[PDB]
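The block underneath contains the structure these notes are about, expressed in structure tokens.
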Amino acid sequence: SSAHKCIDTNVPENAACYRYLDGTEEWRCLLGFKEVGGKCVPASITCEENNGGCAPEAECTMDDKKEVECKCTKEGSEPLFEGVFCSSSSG
């Protein structure tokens, strides 16, 4: 939905932003970038640090393409912005 699109946050370059229904807005760097001094700069990622950039609730791995993959294992939640964010699911 569009209810999740940020509307009151200055989003850094190379970052994603998610607006929660309670009005909260949070941004995070896109896969491949690391937060350095309030900015998202290019970096060499490793699932062993900050979960590879994947959402805290996601699983980080390496596929055949030797690239990072984020998956929201919970049944009901999906990966937004390639998994930088994991949708929330009903109970």
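Each chain of the structure tokens is named A, B, ... in the order shown, its residues numbered from 1; ligands are numbered from 1 in display order.
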
ask   = How would you write, as a PyMOL selection string, the set of residues in chain A that DSSP gives as helix (DSSP H, G or I)?
value = chain A and resi 50-53+81-83

Output of the above residues as a PDB file, in the first residue's frame, restricted to C-alpha atoms:
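As a result, again-v8.pdb now contains:
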ATOM      1  CA  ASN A  50      24.461  -6.197  10.594  1.00  0.00           C
ATOM      2  CA  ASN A  51      22.954  -9.354   9.100  1.00  0.00           C
ATOM      3  CA  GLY A  52      24.271  -8.461   5.651  1.00  0.00           C
ATOM      4  CA  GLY A  53      22.018  -5.436   5.617  1.00  0.00           C
ATOM      5  CA  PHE A  81      13.402  -3.318  -0.866  1.00  0.00           C
ATOM      6  CA  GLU A  82      15.005  -6.698  -1.520  1.00  0.00           C
ATOM      7  CA  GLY A  83      14.525  -7.619   2.117  1.00  0.00           C
TER       8      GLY A  83
END

request  = Mind listing the strand (DSSP E or B) residues of segment 41-72 of chain A, per DSSP on the backbone, as JSON, numbers by chain?
outcome  = {"A": [41, 42, 59, 60, 61, 62, 68, 69, 70, 71]}

note = In terms of only C-alpha atoms, the residue from A:23, A:91, A:34, A:2 at minimal distance from residue 77 of chain A is A:91

message = as a ChimeraX atom specification, please: the residues near residue 79 of chain A (cut-off 10 Å, only C-alpha atoms, same-chain neighbours under 4 positions excluded).
response = /A:54-55,58,70-73,83-88

Selection above as a file: N, CA and C atoms, as a compact mmCIF listing (two decimals), in the first residue's frame:
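Saved file result.txt follows:
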# COMPACT_ATOMS: atom_id res chain seq x y z
N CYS A 54 20.29 -7.10 5.74
CA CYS A 54 18.92 -7.61 5.71
C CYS A 54 18.21 -7.18 6.99
N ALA A 55 16.89 -7.14 6.95
CA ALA A 55 16.09 -6.78 8.12
C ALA A 55 16.53 -7.68 9.26
N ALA A 58 15.04 -11.04 9.15
CA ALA A 58 15.25 -11.86 7.96
C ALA A 58 16.49 -12.77 8.03
N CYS A 70 18.13 -11.80 1.01
CA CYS A 70 17.42 -11.68 2.27
C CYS A 70 16.07 -12.34 2.09
N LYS A 71 15.66 -13.11 3.08
CA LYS A 71 14.37 -13.78 3.04
C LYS A 71 13.65 -13.65 4.36
N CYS A 72 12.38 -13.26 4.31
CA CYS A 72 11.58 -13.13 5.52
C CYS A 72 10.90 -14.50 5.71
N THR A 73 11.57 -15.40 6.42
CA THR A 73 11.07 -16.75 6.65
C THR A 73 9.68 -16.85 7.26
N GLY A 83 14.37 -7.05 0.79
CA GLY A 83 14.53 -7.62 2.12
C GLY A 83 15.17 -6.70 3.15
N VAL A 84 15.41 -5.44 2.79
CA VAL A 84 15.99 -4.53 3.77
C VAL A 84 14.93 -4.36 4.86
N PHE A 85 13.68 -4.57 4.46
CA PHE A 85 12.52 -4.50 5.35
C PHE A 85 11.66 -5.75 5.19
N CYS A 86 11.10 -6.24 6.28
CA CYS A 86 10.21 -7.39 6.20
C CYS A 86 8.82 -6.93 6.58
N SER A 87 7.87 -7.06 5.64
CA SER A 87 6.45 -6.71 5.83
C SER A 87 5.99 -7.36 7.12
N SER A 88 4.88 -6.89 7.68
CA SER A 88 4.39 -7.52 8.90
C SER A 88 3.23 -8.42 8.51

task = Write out as a list in words the residues lying within 8 Å of segment 8-22 of chain A, counting only C-alpha atoms and excluding same-chain residues fewer than 2 positions away.
result =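 Here the answer would be residues 3, 4, 5, 6, 24, 25, 26, 27, 28, 29, 30, 33, 38, 39, 40, 41, 81, 84 and 85 of chain A.
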
Dump of N, CA, C and O atoms for the selected residues, as an mmCIF file, in the first residue's frame:
data_model
loop_
_atom_site.group_PDB
_atom_site.id
_atom_site.type_symbol
_atom_site.label_atom_id
_atom_site.label_comp_id
_atom_site.auth_asym_id
_atom_site.auth_seq_id
_atom_site.Cartn_x
_atom_site.Cartn_y
_atom_site.Cartn_z
ATOM 1 N N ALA A 3 0.105 3.596 2.130
ATOM 2 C CA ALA A 3 0.061 3.990 3.530
ATOM 3 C C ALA A 3 1.439 3.773 4.139
ATOM 4 O O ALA A 3 1.755 4.339 5.188
ATOM 5 N N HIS A 4 2.256 2.955 3.472
ATOM 6 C CA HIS A 4 3.597 2.668 3.963
ATOM 7 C C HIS A 4 4.699 3.522 3.352
ATOM 8 O O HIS A 4 5.879 3.351 3.682
ATOM 9 N N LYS A 5 4.319 4.448 2.473
ATOM 10 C CA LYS A 5 5.302 5.325 1.843
ATOM 11 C C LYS A 5 5.633 6.512 2.752
ATOM 12 O O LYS A 5 4.737 7.210 3.215
ATOM 13 N N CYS A 6 6.919 6.745 3.009
ATOM 14 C CA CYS A 6 7.321 7.850 3.881
ATOM 15 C C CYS A 6 6.883 9.185 3.315
ATOM 16 O O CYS A 6 6.846 9.371 2.100
ATOM 17 N N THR A 24 5.158 6.146 12.374
ATOM 18 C CA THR A 24 6.607 6.087 12.485
ATOM 19 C C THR A 24 7.236 5.900 11.112
ATOM 20 O O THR A 24 6.707 5.166 10.275
ATOM 21 N N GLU A 25 8.358 6.569 10.874
ATOM 22 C CA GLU A 25 9.053 6.424 9.605
ATOM 23 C C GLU A 25 10.495 6.089 9.919
ATOM 24 O O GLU A 25 11.141 6.755 10.723
ATOM 25 N N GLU A 26 10.994 5.041 9.291
ATOM 26 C CA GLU A 26 12.360 4.619 9.495
ATOM 27 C C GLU A 26 13.038 4.384 8.152
ATOM 28 O O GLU A 26 12.421 3.860 7.217
ATOM 29 N N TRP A 27 14.294 4.799 8.035
ATOM 30 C CA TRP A 27 15.012 4.544 6.802
ATOM 31 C C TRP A 27 16.178 3.628 7.118
ATOM 32 O O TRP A 27 16.631 3.568 8.258
ATOM 33 N N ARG A 28 16.636 2.900 6.104
ATOM 34 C CA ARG A 28 17.754 1.975 6.233
ATOM 35 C C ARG A 28 18.441 1.971 4.893
ATOM 36 O O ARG A 28 17.801 2.223 3.864
ATOM 37 N N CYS A 29 19.739 1.692 4.894
ATOM 38 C CA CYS A 29 20.492 1.676 3.650
ATOM 39 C C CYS A 29 20.089 0.488 2.771
ATOM 40 O O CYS A 29 19.715 -0.563 3.275
ATOM 41 N N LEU A 30 20.140 0.664 1.457
ATOM 42 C CA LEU A 30 19.796 -0.422 0.537
ATOM 43 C C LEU A 30 20.918 -1.460 0.525
ATOM 44 O O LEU A 30 22.048 -1.169 0.925
ATOM 45 N N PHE A 33 25.010 -1.019 0.611
ATOM 46 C CA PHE A 33 25.495 0.225 1.191
ATOM 47 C C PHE A 33 25.565 0.185 2.711
ATOM 48 O O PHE A 33 24.777 -0.483 3.354
ATOM 49 N N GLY A 38 25.593 9.334 8.874
ATOM 50 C CA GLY A 38 24.286 9.687 8.355
ATOM 51 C C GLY A 38 24.099 9.498 6.860
ATOM 52 O O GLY A 38 23.117 9.978 6.287
ATOM 53 N N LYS A 39 25.026 8.803 6.213
ATOM 54 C CA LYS A 39 24.901 8.574 4.783
ATOM 55 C C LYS A 39 25.107 7.119 4.409
ATOM 56 O O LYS A 39 25.766 6.369 5.130
ATOM 57 N N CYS A 40 24.522 6.709 3.292
ATOM 58 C CA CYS A 40 24.662 5.335 2.853
ATOM 59 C C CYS A 40 25.686 5.284 1.743
ATOM 60 O O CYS A 40 25.422 5.716 0.613
ATOM 61 N N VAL A 41 26.861 4.764 2.080
ATOM 62 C CA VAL A 41 27.940 4.661 1.121
ATOM 63 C C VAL A 41 28.171 3.232 0.671
ATOM 64 O O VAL A 41 27.770 2.276 1.342
ATOM 65 N N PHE A 81 12.078 -3.838 -0.525
ATOM 66 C CA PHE A 81 13.402 -3.318 -0.866
ATOM 67 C C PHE A 81 14.415 -4.458 -0.755
ATOM 68 O O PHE A 81 15.390 -4.383 -0.005
ATOM 69 N N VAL A 84 15.409 -5.438 2.795
ATOM 70 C CA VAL A 84 15.994 -4.528 3.774
ATOM 71 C C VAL A 84 14.931 -4.356 4.857
ATOM 72 O O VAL A 84 15.242 -4.057 6.012
ATOM 73 N N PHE A 85 13.676 -4.573 4.458
ATOM 74 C CA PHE A 85 12.524 -4.500 5.349
ATOM 75 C C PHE A 85 11.663 -5.748 5.186
ATOM 76 O O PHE A 85 11.524 -6.273 4.080
#

inquiry  = Using only C-alpha atoms, can you tell me which of A:7, A:45, A:36, A:1 comes closest to residue 67 of chain A?
reply    =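 Looking only at the distances to residue 67 of chain A, the closest residue turns out to be A:45.
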
request  = Give me, please, the distance in Å between atom CA of residue 68 of chain A and atom CA of residue 89 of chain A, quoted to one decimal.
outcome  = 23.6 Å
